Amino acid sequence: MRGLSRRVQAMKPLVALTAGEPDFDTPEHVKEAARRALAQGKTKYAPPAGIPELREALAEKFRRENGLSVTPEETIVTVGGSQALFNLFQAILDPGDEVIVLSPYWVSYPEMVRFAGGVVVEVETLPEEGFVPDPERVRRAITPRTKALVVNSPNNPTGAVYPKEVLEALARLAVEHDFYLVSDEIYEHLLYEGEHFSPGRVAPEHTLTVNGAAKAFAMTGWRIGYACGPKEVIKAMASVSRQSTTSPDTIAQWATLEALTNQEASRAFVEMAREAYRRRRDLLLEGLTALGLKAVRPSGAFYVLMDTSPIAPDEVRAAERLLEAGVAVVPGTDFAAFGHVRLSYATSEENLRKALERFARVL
């Protein structure tokens, strides 16, 4: 023994509506590609930035679906979208550098930022404003130390989808003040209304687009993510991978290739899931409204932030009360969504009905 490092010591330590992954299993066409890979002996080390075939397909995906002008060399395959974010912050942050985070935010953002020595500068997003950021508020938080701004749309945990105008405004601030715009787009296919716009169309040399197969193809356990952006940053990210994970699982990389190239089979899965989620969202929202429980209507992902005022004075107490009632929910504390609890509708309509029933018994 000797002692743990400071960075590690500074880290923050029934019907369930807490899921952060699809209830659907990964589509058969992807499972098949994995089986073929095993049979073909695709079990050796892959390059740090990923199997070239995948990087090629990734360039086509970002260009075709997102309108991004990228080359295969400006693409990288990682161990989940989480490692894409982690490697990114390790590659661009020096201790002291600031990163603007829009609250409510995904729990992991501030963790990853601080682990690299960065300073988290939180900019609040309001319920009454539909949880869409106000570029003016963001403009006020910019300082000479600002290294990056994190944008996540469709958003976790709000479910909000930022309109193109806002995304363009934020991209302009990055160019204007010379910093990186980190765009987390993993929920792009879980969109019920509106359109998914990619900021990188506007500021390609400032934007690092993070995505992955996780939520879109029900591949959370496969651990395959991807990102694109300025070649020098992508290269730096591959360097961090070389010294940590070496490269993602080779079998999972070949399976993901199938998910991207077999557009027909994947499209069918995406449409099926989206329609299923939409039904669940509507069902949930109607029930909450009927009970007089406030919640901003989500347009993407499979989350809903519910105001817990009528349940208890704070999210923690509210989460406990609902637990007593037989409903597991995620308190919004760690998301900086105080007075709110996060509901996930990636479960059966039956479970959603049972939860609503319980909610009523609590009121």
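In case it trips you up, residue 1 is the first one in the sequence shown, and so on.
Per the PDB record, of the two stretches 30 to 38 and 308 to 316, 308 to 316 carries the greater mean B-factor over its C-alpha atoms.
Stretches compared: 184 to 192, 216 to 224. Higher mean C-alpha B-factor in the entry: 184 to 192. The maximum CA B-factor among the listed residues 59, 322, 51, 301, taken from the PDB record, is found at 322. Sort the chain's modelled residues by C-alpha temperature factor and residue 126 lands in the middle third, per the entry.
Residue 200: CA B factor lies in the middle third for its chain, per the PDB record. Among the modelled residues of the chain, residue 207 sits in the middle third by CA temperature factor in this PDB entry. Per the PDB record, residue ranking by Cα B-factor puts residue 23 in the middle third of the chain.
Sort the modelled residues of the chain by CA B factor and residue 249 lands in the lowest third.
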